[PDB]
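Each chain gets a letter, A, B and so on, in the order the sequences are listed, and its residues count up from 1. Order of appearance sets the numbers: ligands from 1, and atoms from 1 within every ligand.
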Amino acid sequence: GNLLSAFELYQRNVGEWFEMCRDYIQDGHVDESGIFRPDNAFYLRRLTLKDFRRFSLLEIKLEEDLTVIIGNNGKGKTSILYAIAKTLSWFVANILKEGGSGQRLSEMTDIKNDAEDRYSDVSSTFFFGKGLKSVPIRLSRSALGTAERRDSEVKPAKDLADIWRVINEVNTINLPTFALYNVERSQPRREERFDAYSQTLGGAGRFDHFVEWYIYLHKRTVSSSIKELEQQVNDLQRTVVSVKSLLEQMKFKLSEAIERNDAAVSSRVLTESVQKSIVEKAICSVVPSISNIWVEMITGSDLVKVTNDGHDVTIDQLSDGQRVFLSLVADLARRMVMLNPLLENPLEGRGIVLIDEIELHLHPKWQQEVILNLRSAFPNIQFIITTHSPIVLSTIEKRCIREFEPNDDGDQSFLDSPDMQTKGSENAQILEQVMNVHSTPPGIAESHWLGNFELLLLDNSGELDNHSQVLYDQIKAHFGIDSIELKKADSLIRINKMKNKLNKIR
Amino acid sequence: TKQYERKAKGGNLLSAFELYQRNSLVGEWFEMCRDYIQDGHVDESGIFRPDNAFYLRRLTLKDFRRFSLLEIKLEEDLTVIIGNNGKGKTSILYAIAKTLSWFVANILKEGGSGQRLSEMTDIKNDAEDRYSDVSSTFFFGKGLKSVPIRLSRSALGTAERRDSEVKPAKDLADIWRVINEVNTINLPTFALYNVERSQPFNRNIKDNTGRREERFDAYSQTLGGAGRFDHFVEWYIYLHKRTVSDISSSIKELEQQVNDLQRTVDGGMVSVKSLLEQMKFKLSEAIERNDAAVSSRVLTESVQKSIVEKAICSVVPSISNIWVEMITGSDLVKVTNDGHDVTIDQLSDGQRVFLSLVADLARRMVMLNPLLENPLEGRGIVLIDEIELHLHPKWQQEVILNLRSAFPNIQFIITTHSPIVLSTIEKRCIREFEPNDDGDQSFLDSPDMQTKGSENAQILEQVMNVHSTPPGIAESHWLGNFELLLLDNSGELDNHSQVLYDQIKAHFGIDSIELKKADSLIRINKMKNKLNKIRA
Amino acid sequence: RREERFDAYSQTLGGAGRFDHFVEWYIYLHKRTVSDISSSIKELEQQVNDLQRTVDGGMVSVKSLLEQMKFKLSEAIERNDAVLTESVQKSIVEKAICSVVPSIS
Amino acid sequence: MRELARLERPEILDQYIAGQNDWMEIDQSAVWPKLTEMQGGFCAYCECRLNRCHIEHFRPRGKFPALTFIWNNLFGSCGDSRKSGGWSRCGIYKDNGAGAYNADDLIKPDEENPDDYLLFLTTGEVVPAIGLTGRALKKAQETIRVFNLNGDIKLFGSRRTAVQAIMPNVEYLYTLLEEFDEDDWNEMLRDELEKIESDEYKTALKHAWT
Ligand SMILES: Nc1ncnc2c1ncn2[C@@H]1O[C@H](COP(=O)(O)OP(=O)(O)O)[C@@H](O)[C@H]1O
Ligand SMILES: [Zn+2]
């Protein structure tokens with residue numbers, strides 16, 4: 001079942017080959033959990049970076065569902081996402097237009113500064129079912145002022161994107177979603193299906209765009225044959241003062257019906273009411289502590305309201321963290337609905353979504369919840385995310401985690417999983433075992449007092465001498481009578497007293 | 001008068017200054033004012049400490065935004081505001097910044113106006129009195145224990161207007177301005193760093209009009225929220241060019257050119273007289289600038305450069321060196337980041353944002369404190385929103401310590417939601433912000449638990465009300481359930497307890513903390529039972 | 001705020017007027033008038049009455065629409081029953097404009 | 001760190017000779033079972049559970065080519081040089097991280113008892129034992145520095161966690177000194193110390209119990 005061969009036969013000639021291509025893309029099944037699963041999944045399998053920014057050579061194997069990249073500042077987590085996004089730009093460009101050009105590596109910044117061979121390579125391998133097990137793409141750039149230029153190799157991306165484009169032109173199909181949400185998400189004509197690809201790989205997830213869009217959809221969906229509608233409009237026109245508002249509404253409905261009728265097969269779309277419902281469900285399912293979202297006009301101004309932790313509040317009552325996250329989910333849902341019109345649940349569509357610093361502006365409370373329901377709401381999306389949060393990591397399986405060693409001088413060949421299981425683990429353990437940070441701040445003297453106290457007790461055969469008493473009093477004074485530190489000190493005294501008594505009973 | 005003389009001799013700064021202004025013993029009163037501002041001592045740690053400290057003591061908000069009444073006491077050194085509701089935390093910083101605008105305006109210009117409260121956004125919507133007040137009290141040594149300032153605004157059409165009361169702030173700022181005019185003094189730094197500081201860096205940097213060299217450019221956009229990292233880059237490149245160049249060589253060259261041109265005019269070439277006059281003007285200007293620079297008692301460009309470089313490298317952990325490279329007729333600032341030489345535009349967002357904050361702050365301090373051996377030991381008030389923005393946990397554990405060590409006399413007022421940051425700060429410095437459904441709150445409380453030197457897990461639970469394990473994961477409850485099963489079956493592993501034990505072992509692993517705790521529970525309960533049998 | 005009474009003095013002697021402020025204020029008035037259910041009930045009652053007359057006049061094609069509107073009316077009545085100053089203000093201004101401006105009805 | 005009982009020399013070390021042969025040539029699966037007998041699947045220096053592991057020359061092969069196929073010089077260390085990653089304690093750190101050291105002033109755990117030099121505080125640190133001066137202090141201080149027995153956060157964190165987990169059981173046993181008679185209590189302490197042969201970080205757990 002080779003898809004490229006089937007498509008080549010289709011192009012040269014014919015109905016049989018078309019149907020084979022269409023079935024390869026569209027066929028799927030509903031699993032035991034009631035979730036639609038494409039028979040031919042699409043995901044990024046492998047990424048290799050050669051002399052790219054800090055990396056002399058880096059190889060990464062990605063999970064089909066969720067990969068979380070962790071490490072210190074300046075380890076290249078953002079660089080990795082950038083590399084992937086530029087590759088994905090070639091698919092998007094060619095879905096939109098034959099021979100469309102994606103993005104390219106910078107000759108100023110993207111070549112490693114001390115690369116002897118003054119060029120950079122980003123090599124990606126994609127998987128699309130057993131018919132197309134390997135789709136290799138390479139983006140290359142030679143440094144500025146080099147005589148010899150290295151060519152990018154993008155034809156496989158173009159070939160695959162051509163299949164999506166051409167088959168869609170004849171008969172509407174579901175399309176993959178590609179989106180990047182970077183840290184800039186936090187910064188303060190009609191609609192058509194392929195607007196879902198507009199600014200998808202930079203500029204997506206902006207709160208203001210959501211609010212505007214949402215109010216717009218509300219106004220349209222407040223308050224069906226064309227001939228019947230034409231007849232109703234004609235009857236209402238003949239009656240026309242009190243029915244004038246109804247006539248205008250019906251004329252709008254007629255125009256919309258004609259437009260839908262006139263609109264091309266490729267640009268087939270769900271009703272605005274359905275779109276609204278799906279986005280609302282997505283938001284309520286994913287976003288911590290939001291159970292409902294709706295538009296009110298009863299003040300006299302258009303206000304988006306939410307039920308947050310059981311209280312109905314204006315969306316401006318949300319924290320910036322919650323707003324930014326709401327914006328991300330809303331934007332993603334909107335694109336999925338536009339690109340997957342033929343699915344019962346359009347959020348079960350295919351795609352690759354990149355998120356930088358998912359915890360951005362989130363209080364610890366909400367960090368504990370954000371990845372619980374992302375995968376539930378978007379089951380067939382490959383998520384590639386970066387985080388600094390041990391709280392986030394406590395909710396994720398170790399297989400999904402790729403960690404940079406703390407002393408990585410940019411040479412190491414593979415990113416690997418942590419040795420300890422993170423999901424369900426204590427944050428203190430994740431800090432030490434996965435993030436290489438002490439649970440207590442080493443730079444604070446008081447952090448060493450219990451250690452010092454223990455040493456003093458052991459030096460004086462377990463008896464509380466003048467020096468040990470002074471330090472004990474300092475611990476008590478500083479941490480308090482009910483402190484865990486004082487309890488530990490008390491415990492040490494008790495144990496050492498008892499040990500010494502035993503020693504005397506020789 | 002005799003009363004002013006007595007108060008002035010008693011150490012009252014305002015009385016001393018009033019006597020100075022009237023008589024303009026004029027020299028004596030001037031010296032008293034100048035000594036009040038400039039006197040200080042070096043402590044046992046080798047840090048300069050002003051005898052008369054300047055900091056914000058108290059802030060009160062009345063019918064401001066969501067607050068009917070809010071009172072905050074601030075620490076002299078460090079105050080950290082914590083809470084979910086970040087839109088209220090930010091309102092507090094905004095209120096302070098507007099008040100600080102009044103000092104800045106009046107240091108720059110006599111009768112300068114600071115920022116005012118808005119009738120539309122700053123007044124609480126359900127305020128019965130239909131006005132808002134922001135009241136601040138500052139301290140300036142024992143001579144001036146209270147400098148009260150009130151910013152006020154009434155709604156439109158109210159029967160009585162509410163005017164701001166700013167005269168004390170203006171009077172104090174006037175002392176700084178006037179005394180500085182006569183004899184250079186050190187001046188206080190005021191700055192606000194919002195979440196806006198995280199912006200993309202525009203590389204292409206503007207030609208030197210020479211505003212950036214002026215001392216009071218340190219007050220430009222200082223309370224705007226982003227700082228001006230672009231201004232730093234311009235200023236730093238300027239400093240570099242001056243260090244590489246000789247100073248007064250242009251004057252010497254200009255002196256030589258004016259002398260040569262004078263000889264030509266004396267030789268009968270009257271056509272070049274216009275050019276001579278222009279060049280004489282240029283020479284006079286150069287000398288005056290040199291003299292003004294000399295008169296402004298400013299540090300050498302070499303020294304300024306060194307101070308800032310040291311500051312940046314000390315505070316920003318990934319940066320070991322910063323320098324200007326002269327290539328392609330275009331000056332580039334380079335850094336050694338994690339052992340590798342990169343441009344500023346190649347830095348990670350976290351590194352760049354933090355670099356920008358420290359660089360900006362250091363630049364301003366160097367410009368405003370020319371008379372200190374270490375200009376970073378100057379006075380001032382700095383506001384920082386979300387200090388942990390973009391920082392890895394390892395950096396969060398050092399950020400406050402580094403800042404406080406580099407800027408020992410600055411009053412920092414900061415917001416955070418990081419337990420790791422809180423683990424480095426004393427509970428006295430912490431103010432908790434838990435508002436009602438209306439957003440209103442009356443006082444801000446210190447936490448009950450000591451945070452400094454505490455484990456982050458404890459801070460999470462006891463201060464931030466977050467569990468150590470994620471409650472929405474089943475595996476998070478297995479050890480608790482295991483313990484309960486052990487206690488239910490008189491401490492013996494029954495079929496159910498054994499299954500769960502095996503699940504814990506299978507999921508977390510043989511060397512997991514969780515399994516070790518389970519093993520511990522088994523051992524202790526077995527021993528308890530043995531004791532019970534011996535007793536029976 | 002456009003609905004604040006003293007907004008009437010905003011740029012009043014600036015020479016242009018603030019026609020933009022009018023439009024915003026008028027849309028505001030409209031939204032508030034639509035939102036109150038009794039006027040909506042009265043309007044819906046009037047629409048139902050007009051549609052019932054059309055059905056009684058032999059136009060069987062609008063019967064489906066009448067049933068929908070009757071349902072909407074019943075729902076509105078069921079939701080809690082209650083004169084808006086905003087409705088009167090709107091009407092006054094509309095009349096003024098139509099009376100003074102000859103081409104506008 | 002445990003005192004290790006070295007006993008028998010394996011047969012494969014007879015064949016290979018220093019100078020001619022290299023450590024790349026010799027098979028490593030031949031050597032392991034005797035070290036696993038010696039150590040008990042636990043690291044020589046830190047007492048981790050071994051899974052990623054390598055044969056460690058106590059005096060290194062570069063500086064000391066005489067002691068290349070000698071049974072006294074070999075030890076089972078944690079960490080794996082072959083894998084693309086940074087390991088920061090024991091065998092790997094002794095070479096790369098620690099850098100400059102005198103080999104003579106280190107605890108060789110087959111020859112010497114560690115217990116007289118090292119102490120394990122229940123707060124998690126390893127320190128010199130109470131009352132060391134001059135040369136014995138220098139060995140204790142350098143064993144700690146060169147094997148990075150505090151400076152690795154993974155090790156320090158793992159060791160503290162383990163000891164802190166048993167400190168309820170320690171306090172509870174020593175209370176029952178009073179009411180039990182000596183034969184009951186000494187049997188109990190024997191029984192608890194029986195368990196910790198099979199446990200990770202056994203010397204640290206020993207100092208907590210005794
Ligand atoms: N061309 C380059 N040559 C060398 N190092 C580079 C280059 N471009 C960026 N870097 C380095 O890459 C790191 C930034 O990677 P980035 O993805 O921004 O980090 P993070 O993982 O914190 O997001 C820094 O250490 C920076 O010095
Ligand atoms: Zn080891």
Residue and atom name of the nearest protein heavy atom (relative to [atom]), distance in Å to one decimal:
{"atom": "atom 13 (C) of ligand 1", "answer": "A/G74 O, 3.5 Å"}
{"atom": "atom 3 (N) of ligand 1", "answer": "A/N113 N, 3.1 Å"}
{"atom": "atom 4 (C) of ligand 1", "answer": "A/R53 O, 3.5 Å"}
{"atom": "atom 12 (O) of ligand 1", "answer": "A/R54 CB, 3.9 Å"}

Heavy-atom contacts with [X] under 4.0 Å: which atoms of ligand 1 show up? List them by number with element.
{"X": "B/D338", "value": "25 (O)"}
{"X": "A/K112", "value": "3 (N)"}
{"X": "A/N73", "value": "22 (O)"}
{"X": "A/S79", "value": "15 (O), 16 (P), 17 (O)"}
{"X": "B/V342", "value": "5 (N), 27 (O)"}

Check: Who are the side chain to side chain contact (heavy atoms under 4.5 Å, CB included) partners of B/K310, not counting sequence neighbours?
Finding: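 So B/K310 forms no side chain to side chain contact (heavy atoms under 4.5 Å, CB included) with any residue.
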
So does [X] have more than 12 non-hydrogen atoms from other groups sitting under 6.0 Å from [atom1]?
{"X": "D/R145", "atom1": "CZ", "value": "yes"}
{"X": "A/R104", "atom1": "CZ", "value": "no"}
{"X": "B/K516", "atom1": "NZ", "value": "yes"}
{"X": "B/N321", "atom1": "CG", "value": "yes"}
{"X": "A/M108", "atom1": "CE", "value": "no"}

Taking non-hydrogen atoms only, is [X] closer than 4.0 angstrom to ligand 1 via side chain, backbone, both or neither?
{"X": "A/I111", "answer": "backbone"}
{"X": "A/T78", "answer": "both"}
{"X": "B/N337", "answer": "side chain"}
{"X": "A/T109", "answer": "backbone"}

Notebook entry, point to check: Are A/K75 and ligand 1 in contact, using a heavy-atom cut-off of under 4.0 Å?
Noted result: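 Per 4.0 Å heavy-atom rule, A/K75 contacts ligand 1.
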
Note to self: In this structure, does ligand 1 have an atom that sits under 4.0 Å from one of the heavy atoms of B/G350?
What the structure shows: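 No, B/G350 has no heavy atom closer than 4.0 Å to ligand 1.
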
Checklist line | Chi angles and distances behind the salt bridge (charged side-chain N to carboxylate O under 4.0 Å, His left out) call for D/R160, A/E432 | finding: CA-CA 11 Å; D/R160 182 184 58 61; A/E432 292 174 346; 2.8 Å; yes

Next item on the list: Please work out which of the three classes, parallel, tilted or perpendicular, describes the rings of A/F404 and A/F55, given edges at 30° and 60°.
Entry: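 Rings of A/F55 and A/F404: parallel, as their planes differ by under 30°.
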
Next item on the list: May I ask you to decide if B/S198's main-chain N or O and A/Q187's side chain share a donor-acceptor pair within less than 3.5 Å?
Entry: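 Side chain of A/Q187 to backbone of B/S198, a donor-acceptor pair under 3.5 Å: yes, one is there.
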
Margin query: Using the rule given for ring pair (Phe, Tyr, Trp, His ring centres under 6.0 Å), can you reason through B/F229 versus B/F201, listing the C-alpha separation, both sets of side-chain angles and the distance that settles it, and then say yes or no?
Written below: CA-CA 9 Å; B/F229 183 53; B/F201 169 77; 5.7 Å; yes

Any N or O on [X] sitting closer than 3.5 Å to an N or O of ligand 1?
{"X": "B/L347", "answer": "no"}
{"X": "B/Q346", "answer": "yes"}
{"X": "A/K77", "answer": "yes"}

Item checked: side chain to side chain donor-acceptor pair (under 3.5 Å), paired with B/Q346, selected from A/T109, A/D110, A/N113 ->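 Of the listed residues A/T109, A/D110, A/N113, the side chain to side chain donor-acceptor pair (under 3.5 Å) partner of B/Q346 is A/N113.
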
Would you call [X]-[Y] a salt bridge at under 4.0 Å N-O?
{"X": "B/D341", "Y": "B/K334", "result": "no"}
{"X": "A/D416", "Y": "D/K83", "result": "yes"}
{"X": "D/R6", "Y": "D/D110", "result": "yes"}

Note to self: Walk me through whether A/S389 and A/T387 qualify under side chain to side chain donor-acceptor pair (under 3.5 Å).
What the structure shows: CA-CA 6 Å; A/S389 172; A/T387 186; 4.9 Å; no

Check: Leaving waters out, which protein N, O or S atoms fall under 2.8 Å from the Zn ion (ligand 2)?
Finding: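 Atoms qualifying: D/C43 SG, D/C46 SG, D/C78 SG, D/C90 SG.
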
